[PDB]
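J.: chains from the complex, first installment, not repositioned:
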Amino acid sequence: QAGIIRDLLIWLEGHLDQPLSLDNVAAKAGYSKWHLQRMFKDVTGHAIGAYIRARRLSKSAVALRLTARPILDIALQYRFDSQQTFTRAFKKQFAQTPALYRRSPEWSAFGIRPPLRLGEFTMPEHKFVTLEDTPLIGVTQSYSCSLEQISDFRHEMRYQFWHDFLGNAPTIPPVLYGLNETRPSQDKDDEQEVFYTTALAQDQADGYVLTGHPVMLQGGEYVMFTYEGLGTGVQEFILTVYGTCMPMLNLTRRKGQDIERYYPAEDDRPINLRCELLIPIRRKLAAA
Amino acid sequence: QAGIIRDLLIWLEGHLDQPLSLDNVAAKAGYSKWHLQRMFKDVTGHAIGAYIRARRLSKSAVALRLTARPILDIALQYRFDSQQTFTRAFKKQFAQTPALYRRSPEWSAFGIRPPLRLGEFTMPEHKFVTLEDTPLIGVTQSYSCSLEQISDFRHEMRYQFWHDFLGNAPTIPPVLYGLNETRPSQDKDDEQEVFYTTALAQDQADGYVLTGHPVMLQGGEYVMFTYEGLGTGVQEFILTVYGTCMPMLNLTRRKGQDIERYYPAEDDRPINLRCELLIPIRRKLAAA
């Protein structure tokens, strides 16, 4: 039945990561290696083996754009044999090498295999907006972490800036910005840097940001996803935005910065918070 | 009822040959696949799919030893897709490759799966005998046919010899000999020639004028099976001797020649003939 694959998928997704698993290991679901395959193929219309391989290579496309980790660390984490096995496989799915997949100014979901929803999926709310150059003031640091740690690392960088700011400020700014940017390495182009900028509107922060500098929030077209929930749901919010909404919208991310907007001045059970993820986009022209 | 499978087994055994059949074609005897099986199973105590499979490789084995046809033929005639199909399976049941199986000097019923006997199977009469070398004058030729055609081909060979021989003979020989012998090829040892020798022994009637050369009837130990009945049953006889008697007695055939003995001097409804088949054997020594 579908209630079996329903729970199986919740497991896989959360374990493509560390734990190893092939049709045999996946049998640790209670059934025989074969009945399972036919069952999985009935309920989802997909062959279990080729899906797992595609979810892993999908996480891999995201980890290559969002993190600074070296191509090997990323492949090893997702149970791949070696860089070579990884590469070959990767080329088949995205018709390109991981190195060129990362260096690429633009990004599309051409070969992304989003996770599978077996029934009720509520896609984060989204809207298309145009932003105008917004003068900001902030601190920007290069960071390195796994796809699974992004939310935590960013929360730490934001925490420092914010509490340091409120220590010397008579007024509370309405918004806290978190700008993510990627920079291709000029040596071997398999490497790239990732920076996070915690900033405030120039009007707001005024001369209260210790070690702050001028930052120009770039204007242009963006898609804006909104999130409202426990701060602990933020990690899941970002990955589904990159792992399932961008692809589903068949959109192209332009070179630029990702913009997270927080409204801290609005958050003793875990606190509920709201924030918006803004992705720099290039919409396609529909053909008559 | 046990009578239902009784009739099918007979049909099976006489069609493992050309006609194809599986749990679907086999269900073309009335009941549906699922039910038929449980019947054929709760009775015989064997899976009709595995059975039909085992009977074929069994006949594959016999043909590989008694005929000169190329492996691919044997494999096909018994409804097998390719030679590899046949080969894998053959190894499954016999633990040897067909090629080596044929080449082998000695032979045993290791993997031969004899046809099940529901009703009352009257196994042929046997006796272990020891023969002395004997000179015979005869004729021999390399023949080549299928398992189901042996008795006929041989019969025609004795006929020429016999009637050609009688034309000049003042007295009738009391015994006509038929010696089957195999000879490994020298190129691809997946092939082999088969020779039949029709010959006569010195009797108490002075002379004879026969074409041919001196042939040695090799001495040694043999198992003798005797048959009485229509010359049309001779084919059945040979097969049940090779396909079920050799196996049950768990006997081993030594390199050498098979020996048929006919008493045609005593044979207008289909007349009843009498003959003995002698196979070269080497009995096992038991263990204290």
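T.: Right, received. Where do you want to start? Numbering: from 1, shown residues only, chains lettered A, B, ... in the order given.
J.: tell me, how many residues neighbour residue A:243?
T.: Here the number of neighbours of residue A:243 (other C-beta atoms under 10 Å in any protein chain shown) works out to 23. Just so you know, the C-beta spots here come from the backbone N, C-alpha and C atoms, and that holds for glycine as well.
J.: and stretch A:213-224, how far out from the chain middle?
T.: In terms of C-alpha atoms, centre = their mean, to the nearest Å, the gap separating the centre of stretch A:213-224 from the centre of its chain is 18 Å.
J.: list the buried ones in it?
T.: Residues of stretch A:213-224 classed as buried under the neighbour-count rule (16 or more other C-beta atoms under 10 Å in any protein chain shown) are A:215, A:217-218, A:222-224.
J.: hey, C-alpha coordinates of that stretch in CSV?
T.: Presented in CSV, the C-alpha positions along stretch A:213-224 are these (Å, rounded to 0.1, in the frame of the first residue of the first chain):
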residue,chain,number,x,y,z
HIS,A,213,30.9,48.8,5.9
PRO,A,214,28.7,50.0,3.0
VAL,A,215,26.8,47.2,1.2
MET,A,216,24.6,47.7,-1.8
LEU,A,217,21.6,45.4,-1.8
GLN,A,218,21.3,44.9,-5.6
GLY,A,219,18.1,45.7,-7.4
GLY,A,220,16.3,43.5,-9.9
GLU,A,221,13.7,40.7,-10.3
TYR,A,222,13.3,38.2,-7.5
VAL,A,223,11.0,35.4,-6.4
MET,A,224,10.0,35.8,-2.7
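J.: throw DNA strand C onto that model:
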DNA sequence: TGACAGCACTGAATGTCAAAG
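T.: One more piece, DNA strand C, placed on the ones above:
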């Protein structure tokens, strides 16, 4: 008839020894 274990043939991927370039 149905839920489910296990085998058989195909095929893509990877690994191996080696004549070939």
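J.: which part of chain A gets nearest to DNA strand C, residue-wise?
T.: residue A:32 (3.3 Å; C-beta to the nearest atom of the strand).
J.: neighbours of that residue, how many?
T.: Close neighbours of residue A:32, defined as other C-beta under 10 Å, add up to 8.
J.: relative to residue A:107, how far out is it?
T.: When C-beta to C-beta, to the nearest Å is applied, the distance between residue A:32 and residue A:107 equals 41 Å.
J.: do the same with residue A:37
T.: 33 Å.
J.: who has more neighbours, those two?
T.: Counted by other C-beta under 10 Å, residue A:37 and residue A:107 do not tie: residue A:107 has more neighbours, with 23 against 17.
J.: so what's the backbone phi/psi at the more buried one?
T.: phi -140, psi 130 (degrees, to the nearest 10).
J.: next: residue A:22.
T.: Backbone torsions of residue A:22, given as degrees, to the nearest 10, read phi -120, psi 170.
J.: how far away is it from residue A:92?
T.: If you go by C-beta to C-beta, the gap between residue A:22 and residue A:92 works out to 18 Å.
J.: slot DNA strand D in:
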DNA sequence: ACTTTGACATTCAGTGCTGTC
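T.: Below is DNA strand D, added to the chains above:
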């Protein structure tokens, strides 16, 4: 020496048919 290339053994995914309960 050193990577390229093809016959061939081994592996495991994938879809189907056999087979027990």
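J.: can you give me the helices in the stretch 1-150 of chain A?
T.: If DSSP state H, counting those that start in this stretch is used as the criterion, the helices of the stretch 1-150 of chain A fall at A:2-13, A:23-26, A:33-44, A:48-66, A:71-77, A:83-94, A:98-103, A:150-168.
J.: next up, the contacts around residue A:222.
T.: Residue A:222 makes contact with A:128-131, A:259, A:278-281, according to C-beta atoms under 8 Å, 6 or more residues apart in numbering or on different chains.
J.: who in chain A is up against DNA strand C?
T.: Where chain A comes near DNA strand C, counting by C-beta under 7 Å from any atom of the strand, the residues are A:31-32, A:34-35, A:39, A:81, A:85, A:88-89, A:92.
J.: how does chain A divide up, domain by domain?
T.: Segmentation of chain A into domains, based on curated CATH domains, reads A:1-53, A:54-119, A:120-288.
J.: quote the end-to-end distance of the shortest one.
T.: As for domain A:1-53, its first-to-last residue distance stands at 23 Å under the measure C-alpha to C-alpha, to the nearest Å.
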